[PDB]
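Each remark here refers to the structure printed beneath this line.
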Amino acid sequence: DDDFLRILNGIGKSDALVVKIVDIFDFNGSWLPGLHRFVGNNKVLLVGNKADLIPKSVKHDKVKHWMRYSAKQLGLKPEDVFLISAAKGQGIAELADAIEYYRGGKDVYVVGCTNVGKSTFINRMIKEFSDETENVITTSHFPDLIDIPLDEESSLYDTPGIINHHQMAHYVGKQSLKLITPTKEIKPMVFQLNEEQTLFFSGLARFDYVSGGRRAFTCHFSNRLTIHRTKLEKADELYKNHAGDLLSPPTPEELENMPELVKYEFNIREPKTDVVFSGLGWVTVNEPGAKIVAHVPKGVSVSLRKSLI
Ligand SMILES: Nc1nc2c(ncn2[C@H]2C[C@H](O)[C@@H](COP(=O)(O)OP(=O)(O)O)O2)c(=O)[nH]1
C-alpha cells in the first residue's frame with residue numbers, strides 16, 4: 001500500500017519521537033510489522049494499552065520484560081516500554097512525562113493497529129497537554145487527523161489506524177467482538193484436566209492437552225467468552241456440527257468468511273509457562289512435560305512465554 005509507505009518514510013526522515021501502541025492481550029495481532037526498519041533512526045516508545053484488564057496476580061515488571069523481549073524478537077528496540085490503561089488512566093501521567101523527556105523538543109507521531117485504543121489514548125494526551133501551550137489543536141490531511149501542540153514549535157500527531165488483516169478481531173463483527181473482549185479485570189479460572197482432553201475457547205480456538213497425565217491449567221479469558229470442555233476424540237465431531245451455534249462466536253456468516261483453523265504443537269519443559277492466544281487470552285501451565293496442540297485460524301498468532309506472575 002503506497003499510502004502507508006509514504007508516511008513511514010516521512011516519519012523516518014524526521015527526528016520525531018515515535019509512540020507505538022499495542023494491545024497487551026493481542027500483542028502479535030496488533031504488532032505493526034516492518035515499522036522497525038523505517039524508524040530505526042528514531043527513538044521509539046512502546047506502549048502496551050489495556051493494563052486495567054491484567055489480573056492482580058500478574059506483575060507489571062514481568063509484563064514489560066515480556067514486551068521488551070517480544071519487540072526485540074521482531075526487530076524493535078524501543079527506548080523504553082510502558083503499560084497504560086487509556087480507558088481508566090493508569091500510567092498516563094508517567095507516559096506523558098516520558099514523551100516530553102524523550103522527544104527532545106521534536107514532534108511526536110503516534111501509531112497503532114485498529115482497536116488497540118489509539119483514539120482513547122489520543123483523548124488522554126489532549127487532556128495531558130491542554131494546559132501547556134497557547135497554540136490550539138489543528139487537523140491536517142493524510143497526503144481529518146489531529147495535531148496536538150506540545151509547545152509553540154512542536155506537536156504530537158495522530159496517524160491513521162492500521163488494519164491488520166490477520167488478527168483475530170478482523171474476522172469478527174461488533175456484536176461478536178464484544179463477547180471475546182474482557183469488560184473488567186480477568187479472573188484466572190483453574191482447570192484440572194486429564195490426558196486427551198480438549199478446551200474450546202468458543203468456536204474461535206482449540207486447546208488440546210494430548211499427553212502428560214493429569215495436570216492443572218489456569219485459563220485467562222473474557223468472562224463473556226464460553227469455554228467448552230470435551231474429550232479429544234469428541235472435539236473434531238463437535239466442531240463440525242455445532243460451530244456457529246453452540247461454539248459461537250463465530251456466527252454462521254463469520255464462519256464462511258474466515259480462514260480455516262490450523263494446528264500447532266507445543267512441548268513445555270519448564271514450570272510456569274503460558275500458551276498465549278493473541279486476541280483471546282492465555283492458558284498457564286504450572287508444571288513441565290505437557291504436550292499441547294493449539295488450534296487457531298490461519299494467520300492468527302498463538303505462542304509460548306514464561307509466566308508473568
Ligand atoms: N479495557 C480497556 N479498554 C480500552 C482501553 N482503551 C480503549 N479501550 C476500548 C474502547 C473501545 O471499545 C476499544 C477500542 O478503543 P479505540 O480508542 O477506539 O481504539 P482505536 O481503534 O482508535 O485504536 O477498546 C483500556 O485502556 N482498557
Side-chain angles (χ1 to χ4, degrees), residues 1 3-4 7-8 11 18-33 35 44-55 57-58 60 63-64 66-67 81-96 98-99 108-129 137 139-140 142 144-148 156-177 179-183 185-188 220-225 249 276-282 308:
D1 188 282
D3 293 307
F4 307 125
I7 64 154
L8 288 167
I11 290 176
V18 173
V19 172
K20 180 180 176 176
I21 313 170
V22 294
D23 178 348
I24 54 181
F25 300 96
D26 193 13
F27 189 96
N28 289 255
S30 67
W31 192 258
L32 296 172
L35 175 269
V44 177
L45 303 191
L46 179 60
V47 178
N49 194 31
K50 312 191 182 175
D52 55 290
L53 301 174
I54 302 175
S57 63
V58 176
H60 296 166
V63 177
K64 289 173 194 173
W66 165 73
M67 299 180 59
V81 167
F82 301 85
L83 272 181
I84 64 169
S85 171
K88 303 202 175 302
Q90 176 202 326
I92 291 291
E94 180 169 351
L95 175 55
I99 286 171
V108 181
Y109 287 88
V110 183
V111 297
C113 180
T114 176
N115 209 57
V116 297
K118 190 171 56 60
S119 171
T120 306
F121 168 75
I122 289 299
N123 290 352
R124 284 288 182 176
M125 299 294 102
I126 291 167
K127 183 58 182 184
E128 283 302 313
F129 294 100
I137 283 169
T139 57
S140 51
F142 176 99
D144 295 332
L145 282 296
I146 186 151
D147 320 319
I148 305 164
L156 178 150
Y157 296 104
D158 188 21
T159 62
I162 303 308
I163 302 289
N164 279 357
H165 304 262
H166 293 266
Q167 67 172 357
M168 186 67 75
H170 184 81
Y171 307 122
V172 290
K174 294 173 181 178
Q175 296 294 327
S176 192
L177 183 61
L179 290 166
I180 297 95
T181 65
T183 59
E185 182 186 327
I186 303 171
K187 184 180 176 178
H220 306 79
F221 294 89
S222 176
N223 62 317
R224 288 177 174 174
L225 190 85
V276 184
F277 296 85
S278 196
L280 248 68
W282 72 99
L308 313 176

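When a ligand or atom number is given, it counts from 1 through the structure's own listing order. Because only heavy atoms are used, hydrogens play no part in the values below, and waters and symmetry mates are left out as well, while side chains stay in. In what follows, residues are counted from 1 in the order of the sequence shown.
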Report all side-chain donor-acceptor pairs from residues 120-128 shorter than 3.5 Å, counting only partners two or more places apart or in another chain.
unit_1 : atom_1 : unit_2 : atom_2 : d
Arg124 : NE     : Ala86  : O      : 2.8
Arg124 : NH2    : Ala87  : O      : 3.0

### Task
Just let me know how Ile84 lines up against ligand 1, side chain, backbone, both or neither, with a heavy-atom cut-off below 4.0 Å.
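None of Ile84 does.
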### Task
Please state which part of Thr114 comes within less than 4.0 Å of ligand 1, counting heavy atoms only: side chain, backbone, both or neither.
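The answer is both, backbone and side chain.
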For [X], counting its heavy atoms only, list the atoms of ligand 1 lying under 4.0 Å from any of them.
{"X": "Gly117", "answer": "7 (C), 15 (O), 16 (P), 17 (O), 19 (O), 20 (P), 23 (O)"}
{"X": "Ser85", "answer": "25 (C), 26 (O), 27 (N)"}
{"X": "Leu53", "answer": "1 (N)"}
{"X": "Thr120", "answer": "6 (N), 7 (C), 15 (O), 16 (P), 17 (O)"}

### Query
Going by heavy atoms, is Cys113 under 4.0 Å from ligand 1?
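Within the 4.0 Å threshold, so yes.
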Heteroatom distance test ([X], ligand 1): nitrogen or oxygen, under 3.5 angstrom:
{"X": "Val116", "result": "yes"}
{"X": "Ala87", "result": "yes"}
{"X": "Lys88", "result": "no"}

### Task
Would you check if there is a donor-acceptor pair between the side chains of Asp52 and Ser85 at a distance under 3.5 Å?
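Yes, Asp52 and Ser85 have a side-chain donor paired with an acceptor closer than 3.5 Å.
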#### Entry: Any side-chain donor near an acceptor of the partner, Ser278 and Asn28, under 3.5 Å
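Per modelled atom types, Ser278 and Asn28 side chains form no pair under 3.5 Å.
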### Query
Is the side chain of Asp1 donor-acceptor paired with the backbone N or O of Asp3 at a distance under 3.5 Å, no angle test?
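Flag set: sc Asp1 to bb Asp3 pair under 3.5 Å.
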### Query
Looking only at non-hydrogen atoms, which of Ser119, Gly48, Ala169, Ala86 approaches atom 22 (O) of ligand 1 most closely?
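Checking each option, the heavy atom nearest atom 22 (O) of ligand 1 is found in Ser119.
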### Query
Would you say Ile137 and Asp147 make side-chain contact, with heavy atoms under 4.5 Å?
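No, too far: nothing below the 4.5 Å cut-off.
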### Task
Could you check if a side-chain atom of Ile21 sits within less than 4.5 angstrom of a side-chain atom of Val111, using non-hydrogen atoms only?
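The answer is no, as the side chains (C-beta and beyond) never meet within the 4.5 Å cut-off.
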### Task
Compute the ring centroids of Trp66 and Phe27, then answer whether they are less than 6.0 Å apart.
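Between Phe27 and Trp66, which both carry aromatic rings, the centre distance is below 6.0 Å.
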### Task
Taking salt bridge (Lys or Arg N to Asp or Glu O under 4.0 Å) as the test, write out the residues that go with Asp158, two or more places apart.
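In terms of salt bridge (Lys or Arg N to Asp or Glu O under 4.0 Å), with neighbours along the sequence ignored, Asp158 is linked to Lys118.
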